[PDB]
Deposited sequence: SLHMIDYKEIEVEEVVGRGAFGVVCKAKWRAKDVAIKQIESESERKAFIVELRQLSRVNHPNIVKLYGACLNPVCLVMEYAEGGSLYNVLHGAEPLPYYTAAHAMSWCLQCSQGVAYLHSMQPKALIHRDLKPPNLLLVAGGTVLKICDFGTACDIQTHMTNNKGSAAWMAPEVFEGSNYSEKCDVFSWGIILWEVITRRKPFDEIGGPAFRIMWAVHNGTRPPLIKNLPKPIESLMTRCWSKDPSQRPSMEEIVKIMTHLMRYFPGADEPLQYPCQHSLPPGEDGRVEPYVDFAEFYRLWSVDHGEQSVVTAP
């Protein structure tokens, strides 16, 4: 199941991020990443093998994870200029691959694994930004209200997070940036029913799926198995998800007003391909 580390053949080079400490390395001519009693639980969970989950490959103690050239979704969406251009197909593809990884964890025997902290900073991008990989593990903006309400929670809390992420890559906005302040202000907001503003000209199938994920009552949210199928079938109307991110962008963000917001991506081509099939 596991490959052992001697440290000698792990050639550390440069530092990555500060969210523990993370460093890039080379191990058997493979770019790889590396990082207190929490690993005891990680032994039982590390039976994972999925394309959309970071491949989990001891003095000091180290966890060896495959390196993701492309950084985090969060940094692609909101990071330092220059920011890349991307399309509706990218946004849908990222979310689809996200739900494929989350469904895998939900289907693990003997018991399902809930990710809990599903958010763009833990979604990594590979192969020119086209492949998303969950990095298993201020989260208020993506947390289902029943979780920080303390009450026991199911795996529907990831469905909630996925819904928020879908709004996030479509609009290229940080959810609940208008509220901000300390975390408890956002928790109070979403607990009372506040949700990201709905999106101008969004396709009703997508609006319907997104808002179902946002439901207060977790039992009214869809399973991730259902997410995956919906998103799989929708991709027929979003060609282009394998095109690398390479084109620049100078991102202008208008204020929100009249209770709605405009998307970043453009669905024009979706309404075109849809009407070709539907009459």
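Residues of the deposited sequence missing from the coordinate set occupy positions 20-21, 38-45, 68-70, 151-164, 307-314.
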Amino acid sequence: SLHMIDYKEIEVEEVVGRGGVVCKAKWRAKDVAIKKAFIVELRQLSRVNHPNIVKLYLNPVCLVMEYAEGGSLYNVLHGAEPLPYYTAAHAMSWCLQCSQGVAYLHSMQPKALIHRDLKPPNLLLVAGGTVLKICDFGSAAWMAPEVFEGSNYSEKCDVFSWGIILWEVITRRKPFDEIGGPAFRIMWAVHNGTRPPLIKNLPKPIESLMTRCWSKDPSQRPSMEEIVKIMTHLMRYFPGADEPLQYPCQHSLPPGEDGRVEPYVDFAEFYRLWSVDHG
From here on, numbers count along this sequence of modelled residues.
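So that the term is clear: the rigid core is the largest set of C-alpha atoms that superpose within 1.5 Å between two forms.
In summary, of the stretches 88-96 and 138-146, 138-146 shows the greater Cα distance from the shown form in 8 other deposited structures of this protein, with structures fitted on the rigid core. Between 128-136 and 195-203, the larger mean CA deviation from the shown form in 8 other deposited structures of this protein, after core superposition, belongs to 128-136. Checked against the other entries of this protein, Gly17 counts as resolved in every one of those spanning it, not missing from a third of them.
A summary of the deposited B-factors shows that, of 105-113 and 128-136, the stretch with the larger mean C-alpha value is 105-113.
Note on 89-97 vs 171-179: mean CA B-factor is higher in 171-179.
Looking at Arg236, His50, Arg47, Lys216, the one whose CA carries the top B-factor in the deposited record is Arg47.
Sorting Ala268, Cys23, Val261, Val265 by the CA temperature factor given in the entry leaves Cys23 at the top. Among all modelled residues in this chain, the alpha-carbon of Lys229 has a temperature factor (C-alpha) in the lowest third.
Annotation for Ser223: C-alpha temperature factor in the lowest third relative to the rest of the modelled chain, per the entry.
Placement of the Cα temperature factor of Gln250 within the chain: middle third of the modelled residues, per the deposited record. Among the modelled residues of its chain, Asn192 has a C-alpha B-factor that falls in the middle third according to the deposited record. The entry lists a Cα temperature factor for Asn152 that places it in the highest third of the chain's modelled residues.
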